[PDB]
Each structure stands twice: as C-alpha cells, then as structure tokens.
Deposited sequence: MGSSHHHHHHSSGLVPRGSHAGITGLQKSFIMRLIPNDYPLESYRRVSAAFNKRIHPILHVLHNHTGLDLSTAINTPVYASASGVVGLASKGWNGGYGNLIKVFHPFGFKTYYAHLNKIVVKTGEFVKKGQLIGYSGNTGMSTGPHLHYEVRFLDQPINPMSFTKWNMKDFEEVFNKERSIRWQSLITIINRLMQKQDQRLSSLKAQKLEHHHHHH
C-alpha cells in the first residue's frame, strides 16, 4: 500500500540509468554491476540519502566516484563518472541527478559501475535493480541474508 512507495524511497531499487529502466519495463562484476553506456549518460540516485563521498580521483581504479549513504545501513556506489554534480554532505532524493557516466579510472570502455552495499559489505545489485513496484516481493525473495522482518516493521512505524 502506502508501505511500498515509502520503502522504495529509502532502500535502493531500480536501474540508476534511464534506458535500462525503459528496457526493463548488463554484466555482473566480482562484485557490482557494469552497465555500458555512452559518456555523459545521466546517473540517478536509486534512493534518498546523503552524499557520503563525491571523490574526483583515481579511487583505486573506480575513477570518479559517488557514495550515497541510505537509511538503515544501505549504500550505493556510482563509479567511472565523467562528472559529478553533487558535493560531499549534500542530501539527495530518490531519482535525483548526481552525475554523468564516463570512462575514468581503470576502465576498458565507457560504462557505469554500480554497487549496492549493506554495512560496507557487497550484495547482489541485480536483486535491487529488478526490484520495483510490480515485482515487489523480489528483493525479499532473493536477498534472504537481510533481516527484512526487523527492517519492514521499523519502516512501518515511521509512517505513523
């Protein structure tokens, strides 16, 4: 109900590039997700939060790197960017423009590198990218290592 949309503002979901949503309505790393795309494709936050780090640099081969910190231990990483349009400490919405895709850092060809983390631990991004309003059980089905019981109950009591 109201539950669904609320949860999807705070917990990362969907593709962070538009043309991968339009299609979905893409190869795995070890670990994260690489999405090949031309330079300067817009990159959107998959949930609301704070920009934990907008780092213009080599960042171990990530190139230009944005870390978004989400509620309840979730983080998203957006790497190989051409430009970053947010600063460290800035608050962003779900769907907000944060950067433009590129080929910076250690990259064989232009693409977005996307990770979802829970407490600095990588988790399968495909479980969150294919999570959406229609396919709503999917992240609970496919990602059992998260204690969704505790989390959903807490998120509900916000709504009140």
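J.: Against the full deposited sequence, which stretches does the structure leave out?
T.: Going by the record, the segments left unmodelled (no C-alpha atoms) fall at 1-24, 50-60, 196-216.
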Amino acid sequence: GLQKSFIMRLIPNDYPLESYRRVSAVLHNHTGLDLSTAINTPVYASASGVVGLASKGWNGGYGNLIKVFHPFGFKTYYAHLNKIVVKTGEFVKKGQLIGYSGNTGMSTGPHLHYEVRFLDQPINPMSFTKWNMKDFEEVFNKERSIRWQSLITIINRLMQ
From here on, numbers count along this sequence of modelled residues.
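J.: Tell me which stretch, 27-35 or 113-121, has the higher mean Cα B-factor listed in the entry.
T.: Per the deposited B-factors, the answer is 27-35.
J.: Out of 103-111 and 41-49, which stretch has the higher average CA B-factor listed in the record?
T.: The recorded data point to 103-111.
J.: Per the PDB entry, which option out of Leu65, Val68, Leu97, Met133 has the greatest Cα B factor?
T.: Most elevated C-alpha B-factor of the set, per the entry: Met133.
J.: Would you please rank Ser145 by its C-alpha temperature factor against the other modelled residues of its chain and give the third it falls in: lowest, middle or highest?
T.: As the PDB entry reports it, the C-alpha B-factor of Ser145 lands in the middle third of its chain.
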